[PDB]
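Structure first, then comments.
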Amino acid sequence: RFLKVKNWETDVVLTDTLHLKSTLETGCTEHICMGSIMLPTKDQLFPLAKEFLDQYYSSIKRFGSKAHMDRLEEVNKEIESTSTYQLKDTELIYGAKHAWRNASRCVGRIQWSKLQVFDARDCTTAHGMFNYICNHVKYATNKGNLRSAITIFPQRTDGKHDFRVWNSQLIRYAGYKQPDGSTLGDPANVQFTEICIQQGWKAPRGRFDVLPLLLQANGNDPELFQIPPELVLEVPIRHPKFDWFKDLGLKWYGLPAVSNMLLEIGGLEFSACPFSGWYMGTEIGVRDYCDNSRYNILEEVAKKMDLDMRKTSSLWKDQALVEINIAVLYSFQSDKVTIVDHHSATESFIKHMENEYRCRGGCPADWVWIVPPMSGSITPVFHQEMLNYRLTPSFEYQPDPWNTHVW
Amino acid sequence: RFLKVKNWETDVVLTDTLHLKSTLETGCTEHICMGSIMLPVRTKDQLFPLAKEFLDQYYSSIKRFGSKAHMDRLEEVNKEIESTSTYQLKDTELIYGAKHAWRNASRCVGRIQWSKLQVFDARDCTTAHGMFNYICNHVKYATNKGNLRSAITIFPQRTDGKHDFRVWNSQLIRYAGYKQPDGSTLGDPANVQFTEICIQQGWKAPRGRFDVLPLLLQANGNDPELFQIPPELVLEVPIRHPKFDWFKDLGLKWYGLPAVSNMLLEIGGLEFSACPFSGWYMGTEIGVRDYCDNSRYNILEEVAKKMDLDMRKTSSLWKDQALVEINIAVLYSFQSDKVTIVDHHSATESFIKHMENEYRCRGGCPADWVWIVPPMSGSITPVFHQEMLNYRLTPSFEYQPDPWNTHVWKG
Ligand code: HEM
Ligand code: HEM
Ligand SMILES: COCCN(C)c1cncc(CCc2cc(C)cc(N)n2)c1
Ligand SMILES: COCCN(C)c1cncc(CCc2cc(C)cc(N)n2)c1
Ligand SMILES: C[C@H](O)[C@H](O)[C@H]1CNc2nc(N)[nH]c(=O)c2N1
Ligand SMILES: C[C@H](O)[C@H](O)[C@H]1CNc2nc(N)[nH]c(=O)c2N1
Ligand SMILES: [Zn+2]
C-alpha cells in the first residue's frame with residue numbers, strides 16, 4: 299500500500315504515499331497494462358467541491374478552521390440553490406497551478422508554482438475571447454523571454470453553453486492536401502484547416518501559414534479571428550555549421566500553447582483554458598520535423614549531408630536527427646527565445662520529483678511521455694522508475710468540438 | 299471482450315483477444331500504473356490445473372485437441388502428479404514450452420525469430436561439471452563462428468526448492484568489474500558484486516578492463532563451482548569506427564554472444580531455474596547501454612573530446628552526437644567481422660511486422676512499450692508510435708532472486 303520507486307542509475311529509492319489519494323482511473327487492470335495507450350449533478354458535485362476545499366484549506370495551514378467550515382458551508386448552500394458554485398480567485402489560482410502540478414505527462418513541472426493565471430470568467434463573446442488570448446500571447450511571449458500562463462474562460466453550465474477554443478494550440482501551421490496527393494504544410498492540421506476554410510477562412514496555401522483562431526463562446530457558433538502577426542514570435546531555423554540548412558526554409562513558432570484540454574477544479578469544468586510555457590527542443594526537432602506523419606524532413610537533410618542512405622545500419626537517420634535538433638536549439642538561443650534542451654529539462658524533472666516526494670509524498674509521472682523521443686537512456690529519467698496515477702485538479706482530454714457541435 | 303491498439307503514425311488499428319488468456323497479474327490496478335517498474348515448492352493442488360492448461364495449449368497447437376492422445380496424456384500427468392507430486396515433460400512439450408516462453412516475452416523486441424530456437428535438453432545433468440560441459444556446447448553451437456544461432460539449454464526442474472540448479476552468472480559471457488580503493492572502477496561496473504563473489508570463490512582475477520568472468524555453476528542445490536569458459540569459444544569484436552581512426556585506440560571490444568542465464572523458465576507449472584538462452588545483439592544494447600550508461604563503461608566524454616565537440620553546454624548535444632558515432636562503430640565492427648548483429652531500425656521494423664502477424668494469427672502480442680522502444684532515437688523507430696498492451700501469458704520467462712541471497716551454504 300506504500301509504494302517504492304527506484305532509480306537504477308543512482309540506487310536512490312523513494313516511497314510514494316500520494317497515490318492513495320488518487321480517485322480517477324488509469325485504464326490498467328490487474329491483468330493488463332495500458333501504459334502505452336494515448337487515450338484510455351448536485352450529488353456528484355459536493356464531495357468533489359469538499360475534496361478540493363479540504364486540500365485548499367490544508368495547503369494554507371488552515372484545515373479545520375471556521376473559515377474552512379464557513380466556505381464548505383457556503384459552497385454547500387450554493388450547490389443546493391444554484392446546482393453549481395463559483396470559485397474564489399484564490400481557489401481558481403490554486404486549482405490551475407495544481408492541475409499543472411498533477412499533469413503526469415509533463416516533464417516541465419518544476420516550474421508549476423510559477424504560473425500566471427488570467428481570470429477570463431467574465432468573458433461573453435468570441436471577440437472577448439480573442440482579446441483575452443492576444444493578451445495571453447503577448448504576456449507569455451514577453452519578447453522571447455517566455456513566461457508560463459493560463460487564461461481561464463467561463464466554466465461549463467449545462468454543456469449547452471460551452472466555451473471552446475477549436476484550435477489544438479493557439480499557434481499552429483496549416484496543412485493542405487494537394488492534387489499531387491502530397492501534403493502541404495503540417496499534416497496534423499489538415500482537417501482543422503478545412504474546418505476553417507469551410508467556415509470562411511481565406512487560406513494563403515503556404516507551408517507555414519499561422520492558423521486563425523476559431524473561437525466558441527457560450528455554446529454559440531464558433532467565429533474566426535487572426536492573431537496579430539506582430540504577436541506571433543517565430544524562429545528561422547539555421548545550423549551553426551551547415552550553411553545550407555537555412556535553404557530548407559524551415560521555421561517554427563516560439564510559444565507552445567495548448568488550447569484543446571479541459572481543466573477540472575473542485576468538480577467544475579473549464580472547457581476553454583489555453584495554457585503555455587516554453588519548448589523543449591526535441592518537441593520541434595524530433596517530433597514536429599522528423600515524425601513521418603509530420604514535416605518529415607529526415608531524407609532531405611540526410612541528402613544535404615551526403616550520408617550513405619543505402620542501409621539503415623549507417624545510422625544516417627540518427628545522425629541527421631541530432632543535427633536537426635542542434636539547429637533548433639541553436640536558432641532559438643540565437644534569437645533569444647526561451648528553450649530548454651532535453652538534458653537540462655529531464656535533469657530538472659528528477660530534482661522536482663525528489664522535491665515532490667520529499668514535500669508531498671510523491672509525484673505522478675508517465676514514463677512513456679516523460680522520456681524524450683531521442684537519446685532516452687542518456688537522460689536521467691530513463692533510469693527512473695515512475696508511478697502513474699490521476700489526481701485532481703487536472704487537465705483532461707475532451708472531444709474535438711466539431712464532432713459534438715449542434716450548429 | 300475486445301481491445302484495440304492504434305499506431306499513431308499509420309492509423310492502423312489492431313484488435314486483441316489474446317489478453318483473455320492472461321492468467322498472471324501485471325502489478326497495475328484501476329488506480330495506478332506500474333508500467334515503468336523494473337520488477338513488480349508448489350502443491351499438487353495448484354499444479355494439475357497448470358499442467359492441464361499447458362497440455363490443452365500444446366495439443367491445440369498440434370491440432371489434436373480432445374484426441375485420445377490428448378486425453379491419455381492428461382491422465383498420465385494427473386497420475387504422475389498425484390503419486391510423485393510433480394511430472395516430467397515430453398521432449399516435444401519441452402521444446403514447445405521454451406519456444407512459447409520466448410514468444411510470450413513482452414519485453415523482447417526480437418520475437419519475430421521465436422519459432423527458430425535450438426532447444427538443448429540438459430535434464431539428465433547431475434553435477435556442476437556436467438553443467439559446464441553443456442554450457443560450453445551451447446556457446447559453441449550458438450556462436451557458430453559468428454553466424455549466430457538462437458539457443459536455450461534446459462537443466463533439471465525444481466523439485467523441493469532445496470536442490471535447485473542455478474547459473475550464478477547473470478549472463479554466460481560478461482566482463483569483470485573491480486572496485487578500486489580510490490573509489491574508481493576498473494572493467495564493467497555492473498559486475499562488481501559478482502566479480503567479488505568469483506574472487507572469493509577462488510578465481511584468480513587478471514584485473515583488466517575486459518576480463519571474461521568464470522562460470523559459477525550450482526547443481527542439485529549444492530555449493531556452486533568455478534569454471535573458465537575456454538577462451539577459444541569466446542568470440543569477441545574489437546570496436547573501431549569507419550571514418551574515425553582514433554576510435555580503435557580507445558581500446559574497446561565486446562563479446563558477440565548475449566546469453567541470459569539468471570531467469571526462470573515456467574512451463575505447465577514446472578520451474579526451470581537454470582535455463583540459459585542466447586540470441587544475437589541489437590547494436591544499442593552495447594553502444595548505448597553497455598558503453599554509455601553513466602553506471603557502465605561510461606565513455607561518452609572521452610569520445611566527445613576526441614571528436615572535439617563543444618562540451619561546455621548540454622545544448623550543443625555533444626552527448627547525443629558522440630552516442631550516434633559509438634553506435635555506428637559497434638554496428639560497423641560486428642558487420643566487418645561477420646558477427647551477427649541487428650540495428651535498432653531493422654529490429655523495430657521487423658517487430659512491428661511480427662506484432663501485426665501475431666494479432667492476425669494469434670489474436671494478440673503482449674508487448675512492454677517501455678522496454679521495446681530503443682534507448683536512443685526512440686521516435687524515429689516505428690515502435691514509438693505503436694500502442695501496445697502488456698499482459699502475462701504462460702509458458703514464460705520470470706525473474707528470480709539472485710542465488711547468493713538465498714543459497715544455503717553446505718561448506
Ligand atoms: C514551462 C515550460 C514547460 C515545458 C518545458 C513543458 C514540457 C512538456 C513536454 C515536453 C510535454 C510532452 C508534450 C508532447 O510530447 O506532446 C508536456 C506535456 C504536457 N504539459 Fe508541459 N511543459 C511546460 C509547461 C507547461 C504548463 C505551463 C502547463 C499547464 C499550465 C503544462 C501542462 C502539460 C500537460 C497537461 C501535458 C500533457 C498534454 C497531453 O497529455 O497531451 N506544461 N510538457
Ligand atoms: C535472436 C535475437 C534477439 C534479439 C535481437 C533480442 C533482443 C532483445 C533486447 C534488445 C532485449 C532488451 C534487453 C535489455 O535491454 O536489457 C531483450 C529482452 C529479452 N529477451 Fe530477447 N532478443 C533475442 C533473442 C532472444 C531469445 C532467443 C530469447 C529466449 C529464448 C529471448 C528472450 C528475452 C527475454 C525473456 C527478455 C527480457 C529480459 C529482461 O526482462 O531482463 N530473446 N531481447
Ligand atoms: C494539443 O493538445 C493535445 C496535447 N498534445 C498531444 C500536444 C500535441 N502537440 C503539442 C503539444 C504541446 C505540449 C506542450 C505544452 C506546453 C504548455 C509546453 C510545452 N513545451 N509543450 C501537445
Ligand atoms: C541478464 O539478466 C537479464 C537482465 N537484463 C535486463 C539484461 C541485462 N543485460 C543484458 C541483457 C541481454 C538481453 C538480451 C538477451 C538475448 C537472448 C538477446 C539479446 N539481444 N539481448 C539483459
Ligand atoms: C525505470 C525503467 O523501467 C528502466 O530504466 C528500464 C526502462 N526501459 C528499459 N528498456 C530496456 N530494453 N532495457 C532496460 O534495461 C530498460 N530499463
Ligand atoms: C503509442 C505511444 O503511446 C505514443 O507514440 C506516445 C509515446 N510517447 C509520447 N511522448 C510524448 N512526450 N509525446 C507523445 O506524443 C508521445 N506519443
Ligand atoms: Zn499499467
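So the sequences go chain by chain: A and B. Here the first sequence stands for residues 299 to 338, 350 to 716, numbered as in UniProt numbering. Here the second sequence stands for residues 299 to 338, 348 to 718, numbered as in UniProt numbering. Just so it is clear, CB atoms sit at the ideal spot from N, CA and C, and this is done for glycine as well.
Against chain A, a Cβ distance below 9 Å from B:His317 picks out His329, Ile330. For A:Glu694, the nearest CB of chain B lies under 7 Å from its own CB, placing it at the interface with that chain. Taking 7 Å as the cut-off between beta carbons, the residues of the region 697 to 714 of chain B near chain A are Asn697, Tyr698, in sequence order. Neighbours of B:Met683 across chain A, judged by C-beta separation under 8 Å: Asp627, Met683, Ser684, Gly685, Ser686, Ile687.
Excluding five sequence positions before and after B:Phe300, the CB atoms of its chain that fall closer than 8 Å to its own CB belong to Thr313, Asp314, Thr315, given in chain order.
Excluding sequence positions up to five before and after A:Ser643, its CB lies within less than 8 Å of the CB of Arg547, all in the same chain and listed in chain order.
In terms of CA proximity to B:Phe584, B:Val474 leads the group B:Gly325, B:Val474, B:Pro531, B:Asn527. B:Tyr441 is the residue among B:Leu607, B:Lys560, B:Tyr441, B:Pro682 whose C-alpha sits nearest the C-alpha of B:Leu522. In this structure, ligand 2 has a non-hydrogen atom nearer than 6 Å to the beta-carbon of B:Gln420. In the DSSP annotation of this structure, B:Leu322 is not part of any beta strand (DSSP E), being labelled neither H nor E. Counting the other Cβ atoms within 10 Å of the Cβ of B:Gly333 gives 16 or more, which makes it buried. With contacts defined by Cβ atoms closer than 7 Å, A:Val541 and A:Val519 form a contacting pair. B:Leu607 places its beta carbon less than 7 Å from that of B:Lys626. A:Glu632 is the residue among A:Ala405, A:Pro338, A:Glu632 whose C-alpha sits nearest the C-alpha of B:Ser622. With a threshold of 16 other beta carbon atoms within 10 Å, B:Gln464 meets it and is buried.
B:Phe472 and B:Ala581 do touch by the CB rule: their CB atoms are close to 4 Å apart, below 8 Å.
Not one heavy atom of ligand 4 falls within 6 Å of the beta-carbon of A:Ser457. Nearest C-alpha to A:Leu624 among B:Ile687, B:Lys613, B:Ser368: B:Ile687. The beta carbon of A:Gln707 is closer than 6 Å to those of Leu571 in its chain, skipping five residues each way along the sequence. Annotation: the continuous alpha helix (DSSP H) that includes B:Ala408 extends over 398 to 410. Only residues of its own chain outside the window of five on either side were considered, and among them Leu523, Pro531, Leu533 have a CB closer than 8 Å to the CB of A:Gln508, listed in chain order. Collapsing the DSSP output to three states places A:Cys432 in coil. In the three-state reduction of the DSSP assignment, B:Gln642 falls in the helix class. In this structure, A:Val311 places its C-beta atom within 7 Å of the C-beta atom of A:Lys304. Going by beta carbons, B:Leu322 and B:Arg699 fall inside the 7 Å limit. If you draw a straight line from the Cα of A:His714 to the Cα of A:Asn529, it is about 9 Å long.
One Cα belongs to A:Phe641, the other to B:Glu543, and the distance between them is close to 45 Å. Ranked by how close their Cα comes to the Cα of A:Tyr485, the residues A:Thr466, A:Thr327, A:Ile506 have A:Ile506 in first place.
Residue contact check for B:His652 against chain A: a CB pair falls below 7 Å. Contact check for B:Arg603 against B:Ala497 passes: the beta carbons are separated by less than 7 Å. The beta carbons of A:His652 and A:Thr591 sit no closer together than 7 Å. Cβ neighbours of A:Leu616 within its own chain (closer than 8 Å, five residues either side excluded): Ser623, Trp625, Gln628, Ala629.
Residue burial is scored here from C-beta neighbours: B:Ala429 has at least 16 other C-beta atoms within 10 angstroms and is therefore classed as buried. By the criterion of a C-beta distance shorter than 7 Å, B:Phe691 is surrounded in its chain by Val680, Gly685, once the five residues flanking it on both sides are discounted. For A:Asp352, the enclosing alpha helix (DSSP H) begins and ends at 351 to 368.
Counting other Cβ atoms within 10 Å of its Cβ, A:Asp675 reaches 16 or more and is therefore classed as buried.
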